Amino acid sequence: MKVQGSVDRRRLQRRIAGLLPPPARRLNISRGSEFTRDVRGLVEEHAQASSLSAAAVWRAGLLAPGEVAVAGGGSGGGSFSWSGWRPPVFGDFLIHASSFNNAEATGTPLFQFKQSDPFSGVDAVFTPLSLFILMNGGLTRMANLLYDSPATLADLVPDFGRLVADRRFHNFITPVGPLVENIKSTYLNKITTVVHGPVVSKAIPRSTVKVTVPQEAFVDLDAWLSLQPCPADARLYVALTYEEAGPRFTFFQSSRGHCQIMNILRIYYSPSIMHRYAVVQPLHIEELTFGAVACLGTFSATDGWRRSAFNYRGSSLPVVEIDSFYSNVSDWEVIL
Amino acid sequence: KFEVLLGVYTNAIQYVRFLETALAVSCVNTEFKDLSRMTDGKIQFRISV
Amino acid sequence: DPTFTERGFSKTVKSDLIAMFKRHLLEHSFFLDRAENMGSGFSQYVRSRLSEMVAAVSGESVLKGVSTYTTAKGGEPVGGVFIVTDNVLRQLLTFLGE
Amino acid sequence: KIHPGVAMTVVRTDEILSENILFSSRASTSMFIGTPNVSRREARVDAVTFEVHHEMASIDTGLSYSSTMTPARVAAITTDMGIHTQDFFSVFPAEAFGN
Amino acid sequence: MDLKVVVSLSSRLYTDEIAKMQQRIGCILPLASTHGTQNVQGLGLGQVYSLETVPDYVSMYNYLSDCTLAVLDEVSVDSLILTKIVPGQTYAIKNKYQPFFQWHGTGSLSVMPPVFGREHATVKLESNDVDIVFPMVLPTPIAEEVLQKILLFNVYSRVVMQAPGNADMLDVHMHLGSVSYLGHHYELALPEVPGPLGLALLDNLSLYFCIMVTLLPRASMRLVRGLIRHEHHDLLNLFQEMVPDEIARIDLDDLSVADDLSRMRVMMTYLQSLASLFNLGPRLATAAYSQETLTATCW
Amino acid sequence: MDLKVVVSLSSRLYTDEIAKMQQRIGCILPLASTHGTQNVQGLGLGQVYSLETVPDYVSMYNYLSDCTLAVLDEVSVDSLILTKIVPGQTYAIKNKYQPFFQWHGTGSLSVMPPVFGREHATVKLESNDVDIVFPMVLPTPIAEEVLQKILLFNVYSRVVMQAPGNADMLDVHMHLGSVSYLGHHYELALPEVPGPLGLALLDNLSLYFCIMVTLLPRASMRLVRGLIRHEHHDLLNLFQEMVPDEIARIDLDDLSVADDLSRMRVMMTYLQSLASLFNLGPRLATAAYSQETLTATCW
Amino acid sequence: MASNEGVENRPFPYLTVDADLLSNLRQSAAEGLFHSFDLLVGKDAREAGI
Amino acid sequence: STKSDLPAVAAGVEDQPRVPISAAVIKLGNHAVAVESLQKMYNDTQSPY
């Protein structure tokens with residue numbers, strides 16, 4: 001009848017105090033002071049990097065129980081999160097060195113092909129320029145500059161003629177995400193790509209990675225069409241189109257919303273569906289399917305895409321680049 | 001002409017404890033400080049007939 | 001009771017035990033409810049029943065020698081505890097007394 | 001109102017709210033009260049959920065039973081001892097005749 | 001991290017409408033832009049829905065989805081304060097809608113344009129000559145059903161324009177205009193003339209159907225034929241002992257398993273994309289609910 | 001935040017039963033409630049999948065879509081320990097599932113009910129008189145072909161069970177037994193007999209597929225005919241050619257205007273529900289996998 | 001039946017208790033009242049050598 | 001607390017001078033209760049009780 005088995009005062013006094021403080025918001029600005037160490041607390045971004053020393057690592061806050069590094073040691077950890085910040089999940093691949101052209105845009109999207117041989121150590125990854133060559137001024141001048149001997153690629157895909165015939169080639173490809181860091185080796189390159197997270201460069205002097213897609217491929221969906229809403233997020237899409245000439249890859253950007261975008265794709269592809277689905281080729285079993293779309297992520301609307309030149313071998317290519325990309329891949333949807 | 005409040009009354013909660021309750025007549029209470037570690041606990045009897 | 005279980009738990013002994021279980025269930029349930037009709041002697045009948053309850057329980061506890069609870073008057077180790085609803089508490093208070 | 005070929009037996013189950021009397025002998029068990037803890041979960045944009053946690057453990061002291069309880073008094077009859085019969089058409093919804 | 005929107009009124013609202021707005025406290029409405037200070041014109045669903053115009057529901061769904069959603073928090077003479085529903089934040093949400101469909105932990109909620117009643121949804125602000133139209137939220141099972149009633153009306157009313165007789169108009173109003181929920185019948189306003197977006201939506205639905213009929217597996221059709229005659233189901237009650245003429249004609253060809261397998265494969269691929277056509281809006285997954293307090297936990 | 005659910009039990013576990021559950025120590029289990037201290041009756045699918053009850057696929061999918069998943073961590077006398085699943089959280093999972101499928105990194109894992117026998121999913125706990133059942137976790141590409149193949153096997157098995165000359169069972173077993181993906185071959189054996197209709201699992205589920213497939217042509221032609229307008233989708237004309245000649249000639253007038261509306265509703269409702277299933281809604285994405293460790297980093 | 005699971009006949013310094021535990025032994029052992037119990041008769045009653 | 005709230009709660013009866021009133025009281029078990037009758041006050045005014 002004395003005190004209790006699980007005393008409230010003992011637990012509330014110490015354990016509760018650490019969990020209580022939430023992340024600070026809406027600090028008021030004083031014109032007279034105009035700056036304090038208090039405002040630094042609100043602004044500070046608390047980046048996660050270190051010097052490889054026992055004393056510095058503790059200072060850095062890298063060894064934090066939760067997923068995000070938090071400083072102060074035991075005093076830290078009360079942010080409840082970092083603006084719903086999730087670290088980038090990374091993906092490691094082991095490639096042949098003749099497959100991937102070491103010169104790169106350091107952020108270009110990567111497409112992995114599922115080889116059909118079991119227990120295989122190495123995997124195939126294709127860049128947009130590389131993929132164009134396999135499919136068969138402009139890309140054709142730049143894509144061949146990067147990749148010579150198209151057979152070296154076609155070896156990686158021994159069913160390319162049979163899949164496009166049955167319209168199955170799209171579902172064997174899975175989008176992976178923008179390229180981050182590259183290790184060059186004469187025999188097997190080691191490529192690390194970010195899947196499902198805010199794209200961030202792992203270089204120790206920090207740099208801003210911005211995904212690039214060639215302008216010949218990039219189609220602006222919203223611009224092409226025609227008070228109004230303006231939503232924060234605008235998304236990037238891919239479409240694999242089985243055309244009479246051969247399969248093709250195009251990128252779309254729009255912020256309308258999903259149920260609309262499917263509709264937009266059909267009207268956009270209406271002239272090509274006719275020609276391809278026209279008198280020249282008769283309907284046949286298993287050849288009915290036309291295309292497929294997948295979502296690659298969300299890019300802030302009204303930021304836009306600056307157009308920059310890709311310079312290699314003393315010749316350029318017009319490129320569009322997306323800033324602040326947050327990678328979030330979807331599956332493939334058949335359109336027709 | 002006005003309208004008046006007439007008072008504010010709130011109850012006070014009463015607090016009860018196990019060792020205060022007479023039920024505790026049965027149990028014998030040991031504060032094992034670290035229960036989480038105990039995989040299993042045993043008691044053994046031996047009787048001579 | 002040990003008288004019914006001296007020789008052991010044979011089939012016939014189990015049969016007799018189940019028969020007695022049935023008869024007790026049918027006849028002696030709700031003793032508090034039965035006292036009201038018991039009429040004159042409810043005070044003593046209820047002490048009989050409560051004492052039957054204290055006796056059926058086994059107190060051969062390894063911690064029987066240790067002294068934990070004693071009464072407000074010296075000694076008298078408190079044997080056990082009854083726990084009831086408030087209705088039964090007022091009822092027993094009246095029935096038994098001080 | 002003709003007697004069919006068969007007879008019937010009917011089975012009903014009934015419920016009675018009763019007040020019980022529990023007895024327990026001294027030093028019958030032993031409790032091991034662990035350390036209490038506090039946890040934080042589900043930080044919505046409105047509120048934060050905290051949790052309180054407690055661990056316990058118990059054994060018996062002797063060999064034979066050390067407690068008992070019995071129905072002392074019936075406070076209510078809840079079922080109503082009705083003739084309400086079950087609907088086999090609602091129990092077996094799929095089975096049906098041929099027509 | 002900070003979700004706060006204040007809507008500044010040009011002029012004081014009248015003491016009557018300030019009463020009506022307070023009754024809407026805690027109801028989702030869409031805002032145009034994601035900024036700290038928003039004008040009342042972007043507020044609400046009013047700009048797309050006008051009392052003069054015939055309601056085009058398909059158009060409304062598109063506008064609602066693209067707008068940022070916010071929860072009403074505070075109503076004052078000068079300003080309205082609302083917190084915004086970002087994709088990653090858990091919110092406490094209240095079911096205070098006057099048609100009052102009960103909720104459960106079961107389904108995700110669905111925000112819908114105000115089908116049940118125009119006037120019931122709008123609060124007029126004659127002080128600033130703007131009308132504020134609150135959309136409706138419903139459990140997705142009931143919402144999916146409602147959308148189906150709307151589209152089937154546009155295609156039938158197109159046929160029921162045939163002016164062929166009275167019987168056609170009555171039957172369509174039955175089974176389409178009314179939603180039946182336990183103990184009540186809640187009518188759905190049906191536009192006299194079908195809106196263009198809806199027709200243009202079914203044209204997309206129609207394309208899938210044309211491709212799909214060829215892909216149907218023969219074995220499935222054959223089973224139904226013998227199924228309806230030998231055995232009875234609640235599911236088969238549409239088909240009486242009578243057998244549809246079309247199945248008999250299609251079913252004549254001999255079965256092949258390699259064919260149906262290839263047929264079922266491609267059709268399944270097509271069915272998945274349809275799931276994109278149907279939702280037509282934003283959903284809120286509900287993970288908890290409290291019947292006494294009418295407060296769920298959305299996401 | 002803190003994700004940790006501790007399940008306590010009523011009676012001690014046998015020495016044997018621990019070994020069966022040590023086997024499945026890192027694997028996914030659906031969880032009734034989200035609170036940290038919980039009973040055993042809430043962590044399995046035996047509630048959905050009883051021995052006494054007849055298993056239903058649609059009932060078991062509806063359950064998995066709205067439930068909270070959890071992963072075991074420590075199995076000791078007291079009460080098993082699991083970690084709650086949360087969006088935006090990385091997890092490390094092992095693939096201890098009684099029928100075996102290979103796992104490849106950067107793919108999509110999918111949670112589908114256990115279609116195989118009870119014993120491949122369950123671990124009976126006789127000490128507390130409950131049987132816990134684990135949902136089968138599968139790579140999506142294979143799960144889109146197991147479901148599709150086993151669905152056909154029920155259709156063809158019931159055909160020959162009614163009309164004996166309409167199929168050859170050896171063709172059924174040959175084209176449906178083996179499943180190939182990424183160079184592997186996993187041979188799955190379907191149940192030998194559905195038994196009386198409306199019994200033996202998946203047979204009830206097909207009815208939704210079959211009934212839809214028979215209504216699709218009659219419903220589709222009517223939908224396309226009414227959709228005709230001066231201003232309509234340009235491809236719509238091209239796809240009328242796609243329809244088979246047999247279906248194109250049907251007479252819509254043969255059915256009363258009433259029944260046509262009832263068929264469209266049953267056909268439209270079924271398609272929407274069916275479409276959501278083939279999505280295989282609960283999904284996990286994997287970033288790394290190692291065959292020696294059997295450990296897949298997912299989220 | 002399920003004779004002994006955690007019974008261990010190692011020699012211990014045994015505490016002497018005055019409470020009479022010898023009132024429900026062959027009756028409880030016969031039918032069964034204990035999960036794990038062991039009966040040592042005759043020579044086996046001795047303390048086992050360490 | 002219940003104690004420091006005691007003065008302000010009794011904004012009335014506190015310091016009302018006490019005089020003895022005349023009415024029969026009965027001990028009802030553990031309670032002490034008074035008992036009265038107002039029939040006379042209603043009678044000498046020729047009214048119904």
# chains A, B, ... in the order shown; residues from 1 in each chain; ligands from 1
call {"tool": "interface_residues", "arguments": {"of": "chain A", "to": "chain E", "cutoff": "10 Å", "atoms": "only C-alpha atoms", "output": "PyMOL selection string"}}
result
chain A and resi 23-26+81-84+227-233+255-260+262-263+266+285-289+292+332-336
call {"tool": "residues_around", "arguments": {"residues": "residue D:68", "least_positions_apart": "2", "cutoff": "9 Å", "atoms": "only C-alpha atoms", "output": "ChimeraX atom specification"}}
result
/C:53-54,56-57 /D:21-24,65-66,70
call {"tool": "write_last_selection", "arguments": {"atoms": "C-alpha atoms", "output": "PDB file, in the first residue's frame"}}
result
ATOM      1  CA  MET C  53     -15.638 -21.494   1.751  1.00  0.00           C
ATOM      2  CA  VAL C  54     -12.648 -20.778   3.978  1.00  0.00           C
ATOM      3  CA  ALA C  56     -12.352 -25.783   1.127  1.00  0.00           C
ATOM      4  CA  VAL C  57      -9.343 -23.627   0.245  1.00  0.00           C
TER       5      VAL C  57
ATOM      6  CA  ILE D  21     -18.049 -14.043  -3.670  1.00  0.00           C
ATOM      7  CA  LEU D  22     -14.333 -14.664  -4.120  1.00  0.00           C
ATOM      8  CA  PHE D  23     -11.980 -15.992  -1.449  1.00  0.00           C
ATOM      9  CA  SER D  24      -8.197 -16.168  -1.593  1.00  0.00           C
ATOM     10  CA  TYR D  65      -5.819 -24.599  -4.963  1.00  0.00           C
ATOM     11  CA  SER D  66      -5.629 -21.382  -2.938  1.00  0.00           C
ATOM     12  CA  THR D  70     -19.305 -19.091  -5.958  1.00  0.00           C
TER      13      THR D  70
END
call {"tool": "select_by_dssp", "arguments": {"residues": "stretch 45-274 of chain E", "states": "helix (DSSP H, G or I)", "output": "PyMOL selection string"}}
result
chain E and resi 57-66+118-121+140-162+166-177+196-215+218-230+245-250+257-274
call {"tool": "atom_distance", "arguments": {"atom1": "atom CA of residue F:205", "atom2": "atom CA of residue E:216"}}
result
16.8 Å
call {"tool": "closest_atom_pairs", "arguments": {"of": "chain B", "to": "chain H", "cutoff": "12 Å", "atoms": "only C-alpha atoms", "output": "CSV"}}
result
residue,atom,partner,partner_atom,distance
B:6,CA,H:11,CA,10.3
B:7,CA,H:9,CA,8.4
B:8,CA,H:9,CA,9.1
B:9,CA,H:9,CA,8.4
B:10,CA,H:2,CA,10.0
B:11,CA,H:2,CA,9.0
B:12,CA,H:2,CA,7.3
B:13,CA,H:2,CA,10.3
B:14,CA,H:2,CA,11.1
call {"tool": "interface_residues", "arguments": {"of": "chain G", "to": "chain B", "cutoff": "12 Å", "atoms": "only C-alpha atoms", "output": "MDAnalysis selection string"}}
result
chainID G and resid 5:26 34 36:42 45:47
call {"tool": "closest_atom_pairs", "arguments": {"of": "chain C", "to": "chain D", "cutoff": "7 Å", "atoms": "only C-alpha atoms", "output": "CSV"}}
result
residue,atom,partner,partner_atom,distance
C:29,CA,D:71,CA,6.5
C:30,CA,D:72,CA,4.4
C:31,CA,D:72,CA,5.7
C:32,CA,D:72,CA,5.2
C:33,CA,D:73,CA,5.0
C:57,CA,D:66,CA,5.4
C:58,CA,D:66,CA,5.2
C:59,CA,D:25,CA,6.1
C:60,CA,D:62,CA,6.0
C:61,CA,D:62,CA,4.5
C:62,CA,D:61,CA,5.9
C:63,CA,D:27,CA,5.9
C:64,CA,D:27,CA,6.9
C:79,CA,D:26,CA,5.8
C:80,CA,D:25,CA,4.2
C:81,CA,D:24,CA,5.5
C:82,CA,D:23,CA,4.5
C:83,CA,D:22,CA,5.2
C:84,CA,D:21,CA,5.0
C:85,CA,D:19,CA,6.7
call {"tool": "interface_residues", "arguments": {"of": "chain B", "to": "chain C", "cutoff": "7 Å", "atoms": "only C-alpha atoms", "output": "ChimeraX atom specification"}}
result
/B:23,25-26
call {"tool": "atom_distance", "arguments": {"atom1": "atom CA of residue A:66", "atom2": "atom CA of residue F:111"}}
result
27.3 Å
call {"tool": "closest_atom_pairs", "arguments": {"of": "chain D", "to": "chain E", "cutoff": "7 Å", "atoms": "only C-alpha atoms", "output": "CSV"}}
result
residue,atom,partner,partner_atom,distance
D:44,CA,E:90,CA,4.8
D:45,CA,E:91,CA,6.1
D:46,CA,E:91,CA,6.6
call {"tool": "write_last_selection", "arguments": {"atoms": "N, CA, C and O atoms", "output": "tab-separated table (two decimals), in the first residue's frame"}}
result
chain	number	residue	atom	x	y	z
D	44	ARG	N	0.66	13.04	-35.31
D	44	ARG	CA	-0.16	13.68	-36.32
D	44	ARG	C	0.15	15.17	-36.35
D	44	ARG	O	0.88	15.69	-35.51
D	45	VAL	N	-0.41	15.88	-37.33
D	45	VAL	CA	-0.25	17.33	-37.33
D	45	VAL	C	-1.07	17.98	-36.24
D	45	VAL	O	-0.87	19.16	-35.95
D	46	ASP	N	-2.00	17.25	-35.63
D	46	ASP	CA	-2.80	17.76	-34.53
D	46	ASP	C	-2.19	17.39	-33.18
D	46	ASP	O	-1.85	18.27	-32.39
call {"tool": "residues_around", "arguments": {"residues": "stretch 194-201 of chain A", "least_positions_apart": "6", "cutoff": "7 Å", "atoms": "only C-alpha atoms", "output": "number ranges by chain"}}
result
A: 86-91, 176-180, 207-209, 325-328
call {"tool": "write_last_selection", "arguments": {"atoms": "C-alpha atoms", "output": "PDB file, in the first residue's frame"}}
result
ATOM      1  CA  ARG A  86      13.178  10.110 -45.550  1.00  0.00           C
ATOM      2  CA  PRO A  87      16.771   9.295 -46.502  1.00  0.00           C
ATOM      3  CA  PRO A  88      17.472   8.242 -50.092  1.00  0.00           C
ATOM      4  CA  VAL A  89      17.381   4.492 -50.577  1.00  0.00           C
ATOM      5  CA  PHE A  90      20.284   3.559 -52.843  1.00  0.00           C
ATOM      6  CA  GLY A  91      20.605   0.799 -55.413  1.00  0.00           C
ATOM      7  CA  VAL A 176      15.414   2.288 -61.399  1.00  0.00           C
ATOM      8  CA  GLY A 177      16.067   6.005 -61.013  1.00  0.00           C
ATOM      9  CA  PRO A 178      18.619   8.754 -61.537  1.00  0.00           C
ATOM     10  CA  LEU A 179      22.318   7.967 -61.516  1.00  0.00           C
ATOM     11  CA  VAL A 180      24.342   9.250 -58.587  1.00  0.00           C
ATOM     12  CA  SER A 207      26.581  19.106 -54.933  1.00  0.00           C
ATOM     13  CA  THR A 208      23.067  19.307 -56.339  1.00  0.00           C
ATOM     14  CA  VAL A 209      22.105  16.496 -58.706  1.00  0.00           C
ATOM     15  CA  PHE A 325      13.537  15.492 -57.965  1.00  0.00           C
ATOM     16  CA  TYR A 326      11.910  13.125 -55.476  1.00  0.00           C
ATOM     17  CA  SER A 327      12.053   9.610 -56.870  1.00  0.00           C
ATOM     18  CA  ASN A 328       8.922   7.451 -56.639  1.00  0.00           C
TER      19      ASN A 328
END
